[PDB]
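The next block holds one structure in the form of structure tokens; read it before the comments.
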Amino acid sequence: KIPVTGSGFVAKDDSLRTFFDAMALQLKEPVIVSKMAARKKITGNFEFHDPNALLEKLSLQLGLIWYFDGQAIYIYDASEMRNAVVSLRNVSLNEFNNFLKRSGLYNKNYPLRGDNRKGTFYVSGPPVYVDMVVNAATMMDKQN
Amino acid sequence: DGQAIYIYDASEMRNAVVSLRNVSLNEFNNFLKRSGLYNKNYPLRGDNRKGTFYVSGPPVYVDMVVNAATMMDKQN
Amino acid sequence: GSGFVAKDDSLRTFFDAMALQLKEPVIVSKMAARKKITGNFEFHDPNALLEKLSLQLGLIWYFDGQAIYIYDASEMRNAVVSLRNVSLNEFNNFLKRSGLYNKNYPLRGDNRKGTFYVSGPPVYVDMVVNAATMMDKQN
Amino acid sequence: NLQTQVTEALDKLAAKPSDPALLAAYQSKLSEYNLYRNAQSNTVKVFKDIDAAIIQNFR
Amino acid sequence: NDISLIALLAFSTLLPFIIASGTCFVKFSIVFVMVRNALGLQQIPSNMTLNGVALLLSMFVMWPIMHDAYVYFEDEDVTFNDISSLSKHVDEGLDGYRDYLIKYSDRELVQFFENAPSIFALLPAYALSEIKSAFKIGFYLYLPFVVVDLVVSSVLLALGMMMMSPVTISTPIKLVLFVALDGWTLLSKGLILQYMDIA
Amino acid sequence: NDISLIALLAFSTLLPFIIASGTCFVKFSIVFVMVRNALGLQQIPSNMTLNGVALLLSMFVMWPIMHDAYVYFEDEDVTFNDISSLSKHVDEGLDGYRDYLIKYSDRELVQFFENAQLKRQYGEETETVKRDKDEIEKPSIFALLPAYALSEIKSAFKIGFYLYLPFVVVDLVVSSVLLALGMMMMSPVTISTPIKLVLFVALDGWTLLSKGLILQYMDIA
Amino acid sequence: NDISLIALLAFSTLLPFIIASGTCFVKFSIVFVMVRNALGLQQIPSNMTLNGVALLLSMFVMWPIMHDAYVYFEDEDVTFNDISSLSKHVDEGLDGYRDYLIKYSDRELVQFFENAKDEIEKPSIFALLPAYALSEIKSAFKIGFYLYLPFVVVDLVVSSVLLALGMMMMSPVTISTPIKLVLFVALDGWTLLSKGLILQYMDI
Amino acid sequence: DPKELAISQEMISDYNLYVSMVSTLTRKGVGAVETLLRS
Amino acid sequence: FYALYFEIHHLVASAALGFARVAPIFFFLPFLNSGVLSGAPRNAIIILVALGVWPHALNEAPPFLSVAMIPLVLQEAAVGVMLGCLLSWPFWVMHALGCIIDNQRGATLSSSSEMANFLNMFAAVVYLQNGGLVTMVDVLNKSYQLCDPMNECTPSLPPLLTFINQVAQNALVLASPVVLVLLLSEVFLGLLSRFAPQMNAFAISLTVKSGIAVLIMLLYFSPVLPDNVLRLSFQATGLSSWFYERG
């Protein structure tokens, strides 16, 4: 009924939510595409054999930012990136980076910009990454 | 969770970060291991001996972990 | 071997095509998204092509380390700030090590004083003012 | 510019909160500023209310 | 300050009667329905259209005068020392409208309504003159409709056709050649050239 | 918690203009003015009571929709712990009203307002959305009720033309039988008014049109 | 007592719509206008002085229903320990209105509204108030055709005696309207239709 | 705050009067066209 | 937290001019006037329709602020009554059609109407079925794209002066075939009055014309009338020819 010999996905005017859910089996995690990034469309014959390398290239050709936090993959478009600056009264940046590296939320594409032994830094990235970094930073000074 | 199977769509997954004032993560995770609510697909991301961690998943699992963590800081 | 063939684009479709040769995503504002362009371009040296186009078209751009923000030139703001118990030299040494030092838009002021002047894109000024006022409260 | 010479007398009592002449002059300042602030608030209020009454009459 | 709000609100309440009596809407509204009565069909073209068109045309004459009033009144340099010195300035704002009104009215009622120039003496002389100007243009449009029925009822007496009604025959003939001369675009533009430099 | 009461009272004040626009009261009111106008009666039957009889049927249909809002919003666990889940809760509370707007509104008239609002929002560069959104995506609540109220004006005038027909068939034959005689200078509406009233009371249009409108929203047994 | 102060105010502020929709005032106020339109009059006498006498006429046969709810609700046993027994007690008060409505409403239409005998339980008060108002407007239309009918004959007979002569281009409204109202004052139809309108509900 | 609330005290009230003024003029504006079309 | 109050407050100011643009279309249209719509839910509709079609973004400040407000209202009313008289085109010619057919057969000679109301309702419904309100809303959505305020656009006078004959030549050719049969029947009867003198053929003319005027229009009522209704509906592409902005 579906005669093609090989393996691949054929998209005819797909709308970026039905396209990434078809990649959500080769990637072993569910994909969450935002509301503004679902108005763009894509069509063509695609194939997935290393989708963590394919998602990086298509996030630059289409214009997207993505984040994988161990359970799911969040995808936003480029005009939703937000910024923040926070001050730590009694812990260091190198102490907070050991918490991020040891826990597993440390992302080497969006690192933390600041002085190595201070309280202030500058974080920027996806909207699910920033509101976590800010919320853990204001939840460690009140604990200490 | 042991009595039923909840099913949501992928766009309803919520997440939270909660701070335990006087109880470690390794003790609360043993409370979940002893109860039966431990789900290895959505584990608790955080430092092993601290009070802060990051949890994400279905809304019935997040609203259970947050409520059972803030009801274990009030007992201590 | 590469290149974009522009036929009446709108400067948001266009600069996202350069977001692969530049290794960062590009974010263009909505007042700078009305200007249009045509022509055959060629992305072989994009860090000098973006600089030449931003002066012919009339644009301001800022790269912080993750993305490239592009505003139009009529949105440049300026502000003067004063630091009580810190001088200009440790804040400039903070920016040199934090990677937020932009040589095109440096900090204008006296070398050992609290008052100085800053002007640039609205993501650079809003970072510099908040970082300047978040060190004096810590001290 | 009344708030300036209000805000210039609080600091010497902050440095010396036991001088009897200063708190007497400070109370003499602050009750008069209390009389000034609600007077301006009550007087702008009538100029709003009577301006609302014309459109209430003509609507 | 706030006393300016009463006058600038009362103008909006009294506007439907300044249009009813002070402007060229009087002349425009009458001759349309008069030449409709010339044709004898009282509900075509369905008088809401005649009041729809003649309102837009009478808007076009009053509109520069309205913009000229508040261009001048935008200058807030009106406050002075003398009570009458500010009073002459408000009269200077109204001479832009008054010069429209002094142009068309006659010199017989305007001093008759000042001994018994002022603004309030001019409006009933204006609307009375415009009605008198409306009738003589309606009469000259009336005569070519009182010759075409006269010939068709004559041909019935030329034949043996005396006993039939002539209005059931003459009314389509009067309507067809009138629209065939494209007269409805003629008498409208022949009126708007009188008041303004149209187009 | 306290400002939830402010949101309740502010919802309470804007209530009857929602009944003026959002509900199906607009179908009953228009067709009831039309059955007054088609009979030729001007003042009677004194439309202050015709608003009331048209309101009571609309409340009689709207009651199961609005009743689930009370039991959903008097829950003791309205207050959540996160800012996005609390904004999710009022959406899933409003979904029972919203799919009611979806069922009874027009397809393309709703579809026109999203394309008209997006080019106002971002600009012309936003690409248009087609019919194929309907299977997954829901429109906003402020882009529905304009196209709802226009579609219900279309359906009410659709009903109003049909029962306007059996009266003008009467009003032409009376104006023809009077001109069958030489009675040209005679007002035919004063002869037409009895037999216009008989054709509605012998047909009893009130007690079958009233059942017809409730059948256009709900069913029996 | 404090909550009953709400419902006592809530009747009073809602009275000009319940009296607008749930009584025989709609039938009196409707027939008193079409008798003017039957006579070919427009603004005579008014819409105010016809509503006034229609209000008092409807206030006669309606007052004893309103009067019994007072004397029933003045009694001392409004204190009940049970929720539902008070709900029964207020259900037992409205039976004066329910027995009034069922007499003049249609059983099939109220059965239709009931879907969306009557001796064991009475149907609900919201299930039949439109059915009452929709039955009154129909019956007032039916009685409106009847007294419309004799004035058509005087409208026709003078137009035929004018067409019997050659004067065909003569407006007969200036002649029929004198002959219209002498038919209504020699009958003295005003004092008798108000009689039979009262007798339609209240017996002698 | 005594000077900032006072300048926002005028700032709310004058813009509320401006929105009522612009809405009452639109009502008498189109209502004059309504009565002139009835004439 | 001042901008949350300001966002609804810039909106309620923006809807007033939106009301002033679209209010005199709800007086002109046959299925939307005050005769068909009550008073209480009318003004709810007219506000939120202009709120769903207003061209500028809602959170921004409107450019209305103290430029020239009383003449701005007369601008927006003048373009509103212009859009009303263009949108009510095919109902006006159809109501003019029925007045001619009523007038030729007699039945209107008490001057020196119900039939013309019947065609006006009929062309209202057949316009309302296929499309209808989508093109009725589209022309006022394009009017904000070509007549944005603080630019003083006008209804472009030199093509307005042919508006009355533009509907008149659509009225006469639509009333063409039935007045020709009524007129030829009258002179055919008049030759019989010339062949029999005391017939009084004027009285017979009222009896026979009312049957002819419905019979001849029954042959072309079904296949010929309703397509001219969709043809005469004014479409949005011609909105440029009726307006122009002044600076």
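In the structure tokens, chains take the letters A, B, ... in the order shown, each chain's residues start at 1, and ligands count up from 1 in the order shown.
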
Just want the 10 Å neighbourhood of segment 2-7 of chain D, counted on only C-alpha atoms, with same-chain residues fewer than 6 positions away dropped. Output as a tab-separated table (two decimals) with C-alpha atoms, in the first residue's frame.
chain	number	residue	atom	x	y	z
D	26	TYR	CA	11.33	68.06	62.85
D	29	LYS	CA	8.40	70.32	59.66
D	30	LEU	CA	6.59	67.00	59.27
D	33	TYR	CA	4.18	68.54	55.27
D	36	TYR	CA	0.44	70.06	52.57
H	2	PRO	CA	4.50	61.48	47.35
H	3	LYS	CA	5.55	63.17	44.09

Exercise. Mind checking DSSP for segment 16-181 of chain G and telling me the alpha helix (DSSP H) residues as JSON, numbers by chain?
Worked result: {"G": [16, 17, 18, 19, 20, 21, 25, 26, 27, 28, 29, 30, 31, 32, 33, 34, 35, 36, 37, 38, 39, 49, 50, 51, 52, 53, 54, 55, 56, 57, 58, 59, 60, 61, 62, 63, 64, 65, 66, 67, 68, 69, 70, 71, 72, 73, 83, 84, 85, 86, 87, 88, 89, 90, 91, 92, 93, 95, 96, 97, 98, 99, 100, 101, 102, 103, 104, 107, 108, 109, 110, 111, 112, 113, 114, 115, 129, 130, 131, 132, 133, 134, 135, 136, 137, 138, 139, 140, 141, 142, 143, 144, 145, 146, 147, 148, 149, 150, 151, 152, 153, 154, 155, 156, 157, 158, 159, 160, 161, 162, 163, 164, 173, 174, 175, 176, 177, 178, 179, 180, 181]}

Exercise. So which residues touch segment 94-105 of chain G within 9 Å, counting only C-alpha atoms, skipping near sequence neighbours fewer than 6 positions away, as a list in words?
Worked result: residues 22, 23, 65, 66, 68, 69, 122, 123, 124, 125, 128, 129, 131, 132, 133, 134, 135 and 136 of chain G

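Comparing F:179, F:159, F:44, F:141 by their smallest distance to chain G, the closest is F:44 (using only C-alpha atoms).
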
For this session: Find the residues near residue 15 of chain H: any atom within 12 Å, counting only C-alpha atoms, skip ones fewer than 6 places away on the same chain, and give them as a list in words.
Result: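 Selected residues are residues 48 and 52 of chain D; 8, 9, 21 and 22 of chain H; 5, 6, 8, 9, 10, 12, 13, 61, 65 and 66 of chain I.
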
For this session: For residue 121 of chain E, list every protein, DNA or RNA residue within 12 Å, evaluated using only C-alpha atoms, and leave out those in the same chain fewer than 3 positions away; present the list as a ChimeraX atom specification.
Result: /E:22,98,101-102,105-118,124-127

For this session: Report as a PyMOL selection string the set of chain F residues whose atoms approach chain C to within 12 Å, with distances computed over only C-alpha atoms.
Result: chain F and resi 121-126

For this session: Please return, as a PyMOL selection string, all residues of chain G lying within 10 Å of chain I when only C-alpha atoms are considered.
Result: chain G and resi 169-171

Deliver the residues from the most recent selection as a file, using N, CA and C atoms, as a compact mmCIF listing (two decimals), in the first residue's frame.
# COMPACT_ATOMS: atom_id res chain seq x y z
N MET G 169 -62.29 58.81 -7.38
CA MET G 169 -61.08 59.43 -6.86
C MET G 169 -61.42 60.25 -5.62
N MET G 170 -61.83 59.53 -4.58
CA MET G 170 -62.27 60.14 -3.33
C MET G 170 -61.81 59.25 -2.18
N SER G 171 -61.05 59.83 -1.26
CA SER G 171 -60.48 59.07 -0.15
C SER G 171 -61.56 58.74 0.88

For this session: Rounded to one decimal place, report the atom CA of residue 173 of chain F-atom CA of residue 227 of chain I distance in Å.
Result: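 That distance, rounded to one decimal, is 27.8 Å.
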
Problem set entry | Surrounding residues of residue 138 of chain G excluding itself and chain neighbours under 3 positions, 8 Å, only C-alpha atoms, as a list in words | residues 201, 204 and 206 of chain F; 134, 135, 141 and 142 of chain G

Show me, as an mmCIF file with N, CA and C atoms, in the first residue's frame, the residues of chain A whose atoms get within 7 Å of chain C, using only C-alpha atoms for the distance check.
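Contents of iface_24.cif, as written:
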data_model
loop_
_atom_site.group_PDB
_atom_site.id
_atom_site.type_symbol
_atom_site.label_atom_id
_atom_site.label_comp_id
_atom_site.auth_asym_id
_atom_site.auth_seq_id
_atom_site.Cartn_x
_atom_site.Cartn_y
_atom_site.Cartn_z
ATOM 1 N N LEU A 60 19.605 25.593 12.805
ATOM 2 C CA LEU A 60 20.315 26.743 12.287
ATOM 3 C C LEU A 60 19.827 27.124 10.910
ATOM 4 N N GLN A 61 19.405 26.146 10.106
ATOM 5 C CA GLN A 61 18.866 26.520 8.804
ATOM 6 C C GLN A 61 17.465 27.095 8.922
ATOM 7 N N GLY A 63 16.139 28.256 11.920
ATOM 8 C CA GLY A 63 16.253 29.307 12.899
ATOM 9 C C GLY A 63 15.422 28.895 14.085
ATOM 10 N N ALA A 78 13.754 31.477 17.257
ATOM 11 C CA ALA A 78 14.889 32.298 17.652
ATOM 12 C C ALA A 78 14.492 33.590 18.348
ATOM 13 N N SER A 79 13.290 34.098 18.115
ATOM 14 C CA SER A 79 12.887 35.373 18.690
ATOM 15 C C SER A 79 12.287 35.244 20.078
ATOM 16 N N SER A 87 22.527 38.297 41.153
ATOM 17 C CA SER A 87 23.623 38.512 42.082
ATOM 18 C C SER A 87 23.505 37.498 43.209
ATOM 19 N N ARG A 89 24.825 36.563 46.984
ATOM 20 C CA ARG A 89 25.498 37.241 48.080
ATOM 21 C C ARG A 89 26.531 36.342 48.741
ATOM 22 N N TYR A 110 25.201 27.074 25.643
ATOM 23 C CA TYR A 110 24.761 28.267 26.354
ATOM 24 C C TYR A 110 25.412 28.242 27.728
ATOM 25 N N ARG A 113 28.041 33.238 31.674
ATOM 26 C CA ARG A 113 29.036 34.275 31.467
ATOM 27 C C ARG A 113 29.142 35.112 32.729
ATOM 28 N N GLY A 114 30.305 35.062 33.363
ATOM 29 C CA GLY A 114 30.548 35.877 34.535
ATOM 30 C C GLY A 114 31.941 35.637 35.070
ATOM 31 N N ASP A 115 32.282 36.424 36.081
ATOM 32 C CA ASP A 115 33.545 36.271 36.782
ATOM 33 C C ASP A 115 33.563 35.021 37.650
#

For this session: Please identify all polymer residues within 12 Å of segment 30-36 of chain A, counting only C-alpha atoms, omitting same-chain residues fewer than 4 positions from it, and present them as a ChimeraX atom specification.
Result: /A:15-26,40-41,55,64-80,126-128 /B:8-14,41-42,57 /F:118,122,126,137-138

Residues from the last selection, C-alpha atoms, saved as a PDB file, in the first residue's frame:
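And here's out28.pdb as it stands now:
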ATOM      1  CA  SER A  15       3.646  22.195  10.052  1.00  0.00           C
ATOM      2  CA  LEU A  16       6.648  21.515  12.345  1.00  0.00           C
ATOM      3  CA  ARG A  17       4.710  19.624  15.040  1.00  0.00           C
ATOM      4  CA  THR A  18       3.838  16.600  12.974  1.00  0.00           C
ATOM      5  CA  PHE A  19       7.353  16.757  11.599  1.00  0.00           C
ATOM      6  CA  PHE A  20       9.220  16.621  14.896  1.00  0.00           C
ATOM      7  CA  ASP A  21       6.886  14.024  16.384  1.00  0.00           C
ATOM      8  CA  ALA A  22       7.929  11.748  13.552  1.00  0.00           C
ATOM      9  CA  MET A  23      11.513  12.303  14.716  1.00  0.00           C
ATOM     10  CA  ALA A  24      10.403  11.558  18.264  1.00  0.00           C
ATOM     11  CA  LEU A  25      11.035   7.820  17.823  1.00  0.00           C
ATOM     12  CA  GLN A  26      14.590   7.995  16.546  1.00  0.00           C
ATOM     13  CA  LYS A  40       6.517  27.469   9.926  1.00  0.00           C
ATOM     14  CA  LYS A  41       6.237  24.706   7.369  1.00  0.00           C
ATOM     15  CA  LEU A  55      18.476  18.652  14.883  1.00  0.00           C
ATOM     16  CA  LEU A  64      15.443  27.657  16.207  1.00  0.00           C
ATOM     17  CA  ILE A  65      16.824  27.002  19.653  1.00  0.00           C
ATOM     18  CA  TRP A  66      16.499  23.692  21.441  1.00  0.00           C
ATOM     19  CA  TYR A  67      17.239  22.246  24.837  1.00  0.00           C
ATOM     20  CA  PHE A  68      17.329  18.710  26.224  1.00  0.00           C
ATOM     21  CA  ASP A  69      16.922  18.435  29.988  1.00  0.00           C
ATOM     22  CA  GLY A  70      17.119  14.655  30.337  1.00  0.00           C
ATOM     23  CA  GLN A  71      13.422  13.873  29.886  1.00  0.00           C
ATOM     24  CA  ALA A  72      12.160  15.872  26.899  1.00  0.00           C
ATOM     25  CA  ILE A  73      13.338  18.102  24.054  1.00  0.00           C
ATOM     26  CA  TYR A  74      12.055  21.682  23.988  1.00  0.00           C
ATOM     27  CA  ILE A  75      12.101  23.607  20.705  1.00  0.00           C
ATOM     28  CA  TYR A  76      11.507  27.360  20.419  1.00  0.00           C
ATOM     29  CA  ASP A  77      12.055  29.792  17.600  1.00  0.00           C
ATOM     30  CA  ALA A  78      14.889  32.298  17.652  1.00  0.00           C
ATOM     31  CA  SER A  79      12.887  35.373  18.690  1.00  0.00           C
ATOM     32  CA  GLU A  80      11.945  33.902  22.082  1.00  0.00           C
ATOM     33  CA  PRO A 126      15.833  29.067  25.971  1.00  0.00           C
ATOM     34  CA  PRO A 127      12.876  30.154  28.112  1.00  0.00           C
ATOM     35  CA  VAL A 128      12.790  26.853  30.004  1.00  0.00           C
TER      36      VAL A 128
ATOM     37  CA  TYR B   8      -1.454  13.314  28.729  1.00  0.00           C
ATOM     38  CA  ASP B   9      -0.311  14.956  25.545  1.00  0.00           C
ATOM     39  CA  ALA B  10       3.283  16.108  25.224  1.00  0.00           C
ATOM     40  CA  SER B  11       2.514  19.822  25.453  1.00  0.00           C
ATOM     41  CA  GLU B  12       1.260  19.508  29.038  1.00  0.00           C
ATOM     42  CA  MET B  13       4.553  18.549  30.685  1.00  0.00           C
ATOM     43  CA  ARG B  14       5.397  20.961  33.502  1.00  0.00           C
ATOM     44  CA  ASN B  41      11.791   7.743  33.106  1.00  0.00           C
ATOM     45  CA  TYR B  42      11.480  11.100  34.903  1.00  0.00           C
ATOM     46  CA  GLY B  57       7.079  15.259  34.055  1.00  0.00           C
TER      47      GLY B  57
ATOM     48  CA  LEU F 118      -2.087  38.369  12.808  1.00  0.00           C
ATOM     49  CA  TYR F 122       3.307  41.071  13.482  1.00  0.00           C
ATOM     50  CA  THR F 126       2.829  36.188   8.537  1.00  0.00           C
ATOM     51  CA  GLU F 137      -5.778  23.986  16.976  1.00  0.00           C
ATOM     52  CA  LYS F 138      -8.283  26.167  18.871  1.00  0.00           C
TER      53      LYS F 138
END

Exercise. Mind checking DSSP for chain A and telling me the strand (DSSP E or B) residues as a PyMOL selection string?
Worked result: chain A and resi 9-14+31-33+42-46+64-68+73-77+82-87+113-114+120-125

Hey, can you spit out that residue selection with N, CA and C atoms as a compact mmCIF listing (two decimals), in the first residue's frame?
# COMPACT_ATOMS: atom_id res chain seq x y z
N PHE A 9 11.12 9.60 6.07
CA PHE A 9 9.89 10.36 6.27
C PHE A 9 9.68 11.29 5.09
N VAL A 10 8.49 11.28 4.51
CA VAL A 10 8.15 12.19 3.43
C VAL A 10 7.13 13.19 3.95
N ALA A 11 7.47 14.48 3.92
CA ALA A 11 6.60 15.52 4.44
C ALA A 11 6.06 16.36 3.28
N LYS A 12 4.74 16.44 3.17
CA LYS A 12 4.07 17.32 2.22
C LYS A 12 3.33 18.40 3.00
N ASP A 13 3.94 19.59 3.09
CA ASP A 13 3.37 20.77 3.77
C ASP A 13 3.09 20.49 5.24
N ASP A 14 4.02 19.80 5.90
CA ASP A 14 3.91 19.59 7.33
C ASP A 14 4.24 20.85 8.11
N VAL A 31 9.14 15.32 22.14
CA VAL A 31 9.50 16.66 21.68
C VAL A 31 8.35 17.61 21.94
N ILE A 32 8.66 18.78 22.48
CA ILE A 32 7.69 19.83 22.78
C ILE A 32 8.06 21.05 21.95
N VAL A 33 7.26 21.34 20.95
CA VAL A 33 7.47 22.47 20.06
C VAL A 33 6.57 23.61 20.53
N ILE A 42 7.47 22.89 6.39
CA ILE A 42 8.60 22.21 5.76
C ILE A 42 8.07 21.04 4.93
N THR A 43 8.66 20.83 3.76
CA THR A 43 8.28 19.73 2.88
C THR A 43 9.50 19.16 2.18
N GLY A 44 9.50 17.85 2.01
CA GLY A 44 10.63 17.17 1.40
C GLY A 44 10.82 15.79 1.99
N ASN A 45 11.76 15.06 1.40
CA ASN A 45 12.08 13.69 1.79
C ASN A 45 13.26 13.72 2.76
N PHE A 46 13.04 13.26 3.99
CA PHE A 46 14.02 13.28 5.06
C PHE A 46 14.30 11.86 5.54
N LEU A 64 16.08 28.28 15.06
CA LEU A 64 15.44 27.66 16.21
C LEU A 64 16.48 27.53 17.31
N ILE A 65 15.99 27.35 18.52
CA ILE A 65 16.82 27.00 19.65
C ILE A 65 16.19 25.82 20.36
N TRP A 66 17.01 24.91 20.85
CA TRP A 66 16.50 23.69 21.44
C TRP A 66 17.25 23.40 22.72
N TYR A 67 16.64 22.57 23.55
CA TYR A 67 17.24 22.25 24.84
C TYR A 67 16.74 20.87 25.25
N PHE A 68 17.65 20.06 25.78
CA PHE A 68 17.33 18.71 26.22
C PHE A 68 17.70 18.59 27.69
N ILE A 73 12.59 17.18 24.91
CA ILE A 73 13.34 18.10 24.05
C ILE A 73 12.45 19.29 23.74
N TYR A 74 12.81 20.47 24.24
CA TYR A 74 12.06 21.68 23.99
C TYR A 74 12.62 22.42 22.79
N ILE A 75 11.72 22.90 21.93
CA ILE A 75 12.10 23.61 20.71
C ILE A 75 11.34 24.92 20.65
N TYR A 76 12.07 26.03 20.59
CA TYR A 76 11.51 27.36 20.42
C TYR A 76 12.09 28.00 19.17
N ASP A 77 11.44 29.04 18.68
CA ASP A 77 12.05 29.79 17.60
C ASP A 77 13.03 30.83 18.16
N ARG A 82 15.52 34.76 25.92
CA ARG A 82 15.46 35.77 26.97
C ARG A 82 16.74 35.76 27.79
N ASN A 83 17.00 36.90 28.44
CA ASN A 83 18.23 37.17 29.16
C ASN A 83 17.97 37.52 30.62
N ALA A 84 18.98 37.31 31.47
CA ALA A 84 18.87 37.63 32.88
C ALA A 84 20.25 37.87 33.48
N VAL A 85 20.27 38.66 34.56
CA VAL A 85 21.47 38.96 35.34
C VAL A 85 21.10 38.90 36.82
N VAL A 86 21.85 38.11 37.60
CA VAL A 86 21.53 37.87 39.00
C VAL A 86 22.76 37.99 39.88
N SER A 87 22.53 38.30 41.15
CA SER A 87 23.62 38.51 42.08
C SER A 87 23.51 37.50 43.21
N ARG A 113 28.04 33.24 31.67
CA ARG A 113 29.04 34.28 31.47
C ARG A 113 29.14 35.11 32.73
N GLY A 114 30.30 35.06 33.36
CA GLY A 114 30.55 35.88 34.53
C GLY A 114 31.94 35.64 35.07
N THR A 120 27.82 37.83 40.74
CA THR A 120 27.08 38.23 39.56
C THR A 120 27.53 37.42 38.35
N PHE A 121 26.57 37.10 37.48
CA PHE A 121 26.85 36.50 36.19
C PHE A 121 25.74 36.90 35.23
N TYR A 122 25.81 36.36 34.02
CA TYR A 122 24.88 36.68 32.94
C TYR A 122 24.52 35.39 32.23
N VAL A 123 23.23 35.07 32.23
CA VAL A 123 22.71 33.84 31.66
C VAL A 123 21.74 34.21 30.55
N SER A 124 21.74 33.42 29.48
CA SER A 124 20.84 33.64 28.35
C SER A 124 20.63 32.33 27.62
N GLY A 125 19.41 32.09 27.16
CA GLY A 125 19.12 30.88 26.45
C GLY A 125 17.65 30.65 26.18

Within 12 Å of chain E: each chain H residue with its shortest pair, only C-alpha atoms, as a Markdown table:
| residue | atom | partner | partner_atom | distance |
| --- | --- | --- | --- | --- |
| H:17 | CA | E:5 | CA | 11.4 |
| H:18 | CA | E:5 | CA | 11.4 |
| H:21 | CA | E:9 | CA | 8.8 |
| H:22 | CA | E:9 | CA | 10.6 |
| H:23 | CA | E:9 | CA | 11.8 |
| H:24 | CA | E:9 | CA | 8.9 |
| H:25 | CA | E:12 | CA | 7.0 |
| H:26 | CA | E:12 | CA | 9.4 |
| H:27 | CA | E:12 | CA | 9.6 |
| H:28 | CA | E:12 | CA | 6.3 |
| H:29 | CA | E:12 | CA | 6.8 |
| H:30 | CA | E:12 | CA | 10.2 |
| H:31 | CA | E:16 | CA | 8.8 |
| H:32 | CA | E:16 | CA | 5.3 |
| H:33 | CA | E:16 | CA | 7.6 |
| H:34 | CA | E:16 | CA | 9.5 |
| H:35 | CA | E:16 | CA | 7.4 |
| H:36 | CA | E:16 | CA | 6.6 |
| H:37 | CA | E:51 | CA | 5.8 |
| H:38 | CA | E:48 | CA | 7.6 |
| H:39 | CA | E:51 | CA | 7.8 |

Problem set entry | Selected residue of minimal separation from chain A among F:174, F:83, F:145, F:186, counting only C-alpha atoms | F:83

For this session: With a distance threshold of 9 Å and counting only C-alpha atoms, extract the residues of chain G near chain F and express them as a count of residues only.
Result: 46

Exercise. Got a sec to pull out which chain D residues are within 12 Å of chain E, counting only C-alpha atoms, and send them as a ChimeraX atom specification?
Worked result: /D:47-59
